[PDB]
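Only one structure is covered here, and it is reproduced in the block below.
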Amino acid sequence: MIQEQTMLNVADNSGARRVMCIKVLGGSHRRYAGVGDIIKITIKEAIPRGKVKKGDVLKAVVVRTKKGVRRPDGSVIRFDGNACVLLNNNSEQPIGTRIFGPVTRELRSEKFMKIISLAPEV
Amino acid sequence: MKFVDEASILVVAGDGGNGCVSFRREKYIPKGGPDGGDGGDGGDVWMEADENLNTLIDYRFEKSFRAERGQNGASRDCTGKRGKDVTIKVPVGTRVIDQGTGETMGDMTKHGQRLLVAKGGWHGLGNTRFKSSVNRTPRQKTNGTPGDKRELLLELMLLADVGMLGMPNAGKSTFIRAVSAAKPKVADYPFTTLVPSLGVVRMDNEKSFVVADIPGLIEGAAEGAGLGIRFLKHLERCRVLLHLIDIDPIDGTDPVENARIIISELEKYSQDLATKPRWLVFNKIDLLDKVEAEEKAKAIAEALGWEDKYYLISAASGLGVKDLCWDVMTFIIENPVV
Amino acid sequence: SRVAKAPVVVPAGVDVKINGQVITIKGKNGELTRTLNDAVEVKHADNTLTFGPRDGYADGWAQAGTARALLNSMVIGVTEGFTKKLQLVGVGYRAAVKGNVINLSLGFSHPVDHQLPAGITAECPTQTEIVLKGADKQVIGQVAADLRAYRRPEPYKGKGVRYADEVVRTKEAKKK
Amino acid sequence: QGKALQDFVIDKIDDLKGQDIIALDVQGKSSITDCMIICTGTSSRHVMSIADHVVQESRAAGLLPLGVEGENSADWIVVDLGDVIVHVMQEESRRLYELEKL
Amino acid sequence: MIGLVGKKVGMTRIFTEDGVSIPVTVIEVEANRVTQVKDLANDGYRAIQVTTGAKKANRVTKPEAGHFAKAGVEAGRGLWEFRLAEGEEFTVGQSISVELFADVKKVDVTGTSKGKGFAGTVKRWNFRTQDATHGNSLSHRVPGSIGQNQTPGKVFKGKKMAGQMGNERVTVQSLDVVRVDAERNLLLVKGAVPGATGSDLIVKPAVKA
Amino acid sequence: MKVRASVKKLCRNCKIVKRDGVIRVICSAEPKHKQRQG
RNA sequence: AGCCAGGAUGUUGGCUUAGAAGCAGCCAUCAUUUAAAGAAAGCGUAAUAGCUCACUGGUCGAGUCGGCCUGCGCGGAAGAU
RNA sequence: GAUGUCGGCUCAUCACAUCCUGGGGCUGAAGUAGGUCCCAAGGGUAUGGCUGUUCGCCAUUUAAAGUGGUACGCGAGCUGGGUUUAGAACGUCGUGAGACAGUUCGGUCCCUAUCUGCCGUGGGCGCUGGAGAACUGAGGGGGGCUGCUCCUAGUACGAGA
Ligand SMILES: Nc1nc2c(ncn2[C@@H]2O[C@H](COP(=O)(O)OP(=O)(O)NP(=O)(O)O)[C@@H](O)[C@H]2O)c(=O)[nH]1
Ligand SMILES: [Mg+2]
Ligand SMILES: [Mg+2]
Ligand SMILES: [Mg+2]
Ligand SMILES: [Mg+2]
Ligand SMILES: [Mg+2]
Ligand SMILES: [Zn+2]
């Protein structure tokens, strides 16, 4: 799963490269973040010319998980690497203009169409 | 709902915490030392500017806003918690004035701007903070510094885009009913409205403007003795100042004289309102059933000599209401300076 | 006590039966029966009903006068009847009666249905007007309170249900 | 519904004065839809009004939208009409998010 | 109405037309035969005593043999009582089939869960294991404190510690039934039921909404 | 409504009543005068 | 105490007053026919209106009103196995 | 004549002077959201950085991150960071031995459960001839939390927000 103090990659071109999931949203005693969830991240590595800087705190949406995603027919969607899309703090909207890599269909269920629309895969 | 300025507020900063004179005694240590936690910092009252608000109706009762007492310093080096900040919701453009040698602390500029009005009291140091070689068992305690007792006056100017100026016989209040749904008091007697009221004209979802009606003024209003000229202070912010003139007034019977009497005190309020592009329209058209209506309109328009575009409307129902609003909004677009 | 010093008189065509401490005032407008407190006595006499207490009771005349009040309303309800007036004020407020049930629409998300007692009837001369007809003043008062409790008026606009003669407070409230 | 919702959506957007209507026939490049419509919004209130208009007519048409995203912010709002995604966005958002790639 | 009593044979998934896999539990039910019917006059409450399966004649002793012979029923694995619902009636010796569960669409399954033996505090009551390092000595899965100081001076009843876990009656409520088979005597119920394979299960219509 | 040990007729339209063994004040004119804990 | 009625006449008293007709401000607060009416206490109207009050008449018919002293009670009265 | 102290971990229990959820009164309660008071203890009641810290400040969530009692609950359940016997050093005091409710580095936490208690599981006997089953229920225990979205409805309210 995805929990606090977890190194995270980025699935967008916002400017970050490595972030830290350090707080997961959703309710009290929230232990894990699934494939579609709102999490709080801190930038650990970013391009100096990018739209975001080092140490910034903002919201992210999970895209890919190591453990996988359980389909209603006992099918898992595993991945090699954990990635997220960065969002503005006040409004949950994508910051990056593109998505790099595959995205699961589960984001469609939770009404995340910004990531699904401009993603050149599933 | 309605627009009322000149709100007053009393705010007090949270008093600083109080330290405690306590000593530490343990199982094998009869002489442990002065162990008394310091107090907590007092609460702080803040100011916040929101775009949504445009009135001070919530502060015409001048409630007393309390920042909670700072938590007293507890024994065993337990520091008291600071009181939570108190934030008061304030519109944009308000003036902040103190009672007694008061000055403008700050002017609201944009949404989210924060202004400090009263800083909380400092915490009271416990006996842990006063031990030394001279005195090894400090019994002295310091009271927290008191909070700031301050009187606040809030002055707000009108945020409307269109302001009305006309005689009490003119249908200023009833024109709001024709252009919006605000339901102000309308009757056949002078000085029906006592305070300015707001109104929003939304003919399309994308575009809209705010229009406010202002209480009527008389010949003698210039020097005073009536409602004064103080209600024209809520102007100079409107992009356009619509002017209503009552054709063939029932009790006036002097259309030529009273048409230009508005400009008389308009040129004498503070700076003649910088001669902003005030229009000129007539009302009570339905009273004149036929061609006599606009026949007199040109007769009374040539007396002023302005000769610019004039609109013949009746505030009772339609008849130019639906087309004058578009032209008012058209003027708004090319001029974005407020 | 001193109210009970004035005995009541029953009109013509009213039958009164005493079977111990139970009083029946059955007549033109239905049949009703009430049990007493076992401490106040009513004596059969000429066309007039009197009340008195029992010796050795602390309350004495204090509670005897109570029966003089309730029995007074009993003869009124069996000859003249009891009328209760309730009116609806506010948009989206409608009232209708279907048999022994009043249909209510008071801005809720579901219709409101009320079941009436056996001896209570209601009429709707207007969509915002309900009139209650009954034989006992206590029963209609409870029914009127039940209707009122759903939408007790607020003092800002007066929306809700109210009695015809009831006056409600009006507040010129302006803040927030 | 197929090949008819393409004209149905364009009619509804043009009914409320949409500008620069473009239809992308993404038959196989994307694995979620069959065609896409992108339209411009003059102002923030206009974008919300366009989005509400297309959703409301869809319910009367007989198709429930799967969801919308740009509710709080009117910079870019999407409507999921099943096989068709319709994007209506402001003047600025059509250049920062360049939707000619698909 | 009443339920049935049967035996769990295993668990299997069911594939729907849309591809959704429904994991179900397969319960075989033999045609239960009523051995007694109770009445208010004799016992003061209405219930029917049923039996299922078959039992070997040698194992069956005389006392229950007369019990079965009185009702005209052969030997059975066990006996159970189901409470009636104020209007339903059964007769002695009537066989109970399974097709009556074609409308309940919600069943309650009761059975003896698996026996885990003497279980520790961590396994039974889901306690928190203490630290395995930082100097900890001989105390990892121990319960820890079990009370306060001398002011209570005792251990309260119902305190959570180690003991026998499982091997007791467990009820799982509001279980969806998927399919019922009459000619094969199978009942497909969605979810997992208590007990091991081959254990006796009691299925009843759901009492909640 | 205010609940306090000391209860008195604040205005001329305040009636003192004993309900369920406690002292209460009912104001027919306006409900600000309601008291308890007499 | 309830109930049924009356409760004005110069007079919108003078001034400031857009409006002060009793009840936003000050003033005198006298004086007319009456069983009684105060340019007057409260609600309401910007102000007129519209409700009361002080006070009077009629039915009803026997105790009513408010101060003291004293006995016994009520609330005030929330803590941890 | 003795490890027994503060903090932390595990395990909790009780009171209500109620933090949230629940039911209301008043309001200077248009609505959402708030202010104060009454009833209500069924359930729930945060993660990290700093410091040994309880407490606090900070960052970010939640409906909330309640106040207290229980040898400031709990070391024959654990930890030994604080303090601290024996070592050493700095500042100060004293000629000095040394000292300092001054600081810094390091520094042994024993017990196989007799009784009450509690968690489970059995043997004996009784229930009036014996035995095998199946049940009613006198009583006892467990559980009772709540966020978000949609319809109602952009409806009531509100000039609009
Ligand atoms: N037939 C007709 N009567 C009108 C029209 N406009 C006004 N009136 C009449 O003239 C009266 C003038 O009063 P009103 O419009 O309320 O004036 P106002 O705008 O409130 N001015 P102020 O606030 O200063 O009193 C109205 O009450 C109405 O009887 C009109 O267009 N047609
Ligand atoms: Mg006006
Ligand atoms: Mg529509
Ligand atoms: Mg919206
Ligand atoms: Mg809106
Ligand atoms: Mg909404
Ligand atoms: Zn009162």
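Just so it is clear: chains get the letters A, B, ... in the order the sequence lines come, proteins before strands, and each one is counted from 1. Heavy-atom basis, side chains included; hydrogens, waters and symmetry copies ignored.
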A cation-pi test, strictly: NZ or CZ of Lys123(E) under 6.0 Å from the centre of the six-membered ring of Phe118(E) and no more than 45 degrees from its axis. Yes or no? no

Sign check on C1'-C2'-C3'-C4' at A62(G) (positive = north, negative = south) puts the sugar south

Tell whether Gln36(E) reaches the base of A134(H) with its side chain through a donor-acceptor pair below 3.5 angstrom. no

Describe the nucleic acid contact of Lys2(F) in one word from base, sugar-phosphate, nothing, applying a heavy-atom distance below 4.0 Å. nothing

Describe the nucleic acid contact of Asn136(E) in one word from base, sugar-phosphate, nothing, applying a heavy-atom distance below 4.0 Å. sugar-phosphate

Pucker class of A20(G) from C1'-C2'-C3'-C4', north or south? south

In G144(H), glycosidic geometry as syn within 90° of 0 or anti otherwise: syn

Think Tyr45(E) has a side-chain N or O under 4.0 angstrom from the OP1 or OP2 of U136(H)? no

Give a yes/no on whether any side-chain N or O of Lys157(E) is located under 4.0 angstrom from OP1 or OP2 of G141(H). no

Any strand: nucleotide that pairs with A77(G) via Watson-Crick or wobble, under 3.5 Å: none

Please work out if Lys174(C) contacts a base, only the sugar-phosphate, or nothing of the nucleic acid, heavy-atom cut-off 4.0 Å. nothing

Quick one: is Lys59(A) getting a side-chain N or O under 4.0 Å of the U61(H) phosphate, OP1 or OP2? yes

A46(H) OP1/OP2 closer than 4.0 Å to side-chain N/O of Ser28(A): no

Reckon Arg83(E) has a side-chain N or O less than 4.0 Å from the OP1 or OP2 of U136(H)? yes

Contacts of type side chain to side chain contact (heavy atoms under 4.5 Å, CB included), residue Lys23(A), not counting sequence neighbours: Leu25(A), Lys40(A)

Are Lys27(B) and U83(H) close enough that a side-chain N or O sits under 4.0 Å from OP1 or OP2? no

Does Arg136(B) have a side-chain nitrogen or oxygen under 4.0 Å from the phosphate oxygens OP1 or OP2 of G102(H)? yes

Would you indicate what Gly38(F) reaches in the nucleic acid, counting non-hydrogen atoms under 4.0 angstrom: base, sugar-phosphate, or nothing? base

Closer than 4.0 Å, any side-chain N/O of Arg169(C) to the OP1 or OP2 of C43(G)? no

Students often get this wrong, so: under 4.0 angstrom with heavy atoms, is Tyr28(B) touching a base, only sugar-phosphate, or nothing? sugar-phosphate

What nucleic acid atoms does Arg2(C) come within less than 4.0 Å of, heavy atoms only: base, sugar-phosphate, or nothing? nothing

Using centres closer than 5.5 angstrom and planes tilted less than 30 degrees as the test, would you call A62(G) and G63(G) a stacked pair? no

Looking at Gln130(E) and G77(H), is any side-chain donor or acceptor paired with a base atom of the opposite kind under 3.5 Å? yes

Hey, does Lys63(B) reach any base, or is it just sugar-phosphate, or nothing, if we go heavy atoms under 4.0 Å? sugar-phosphate

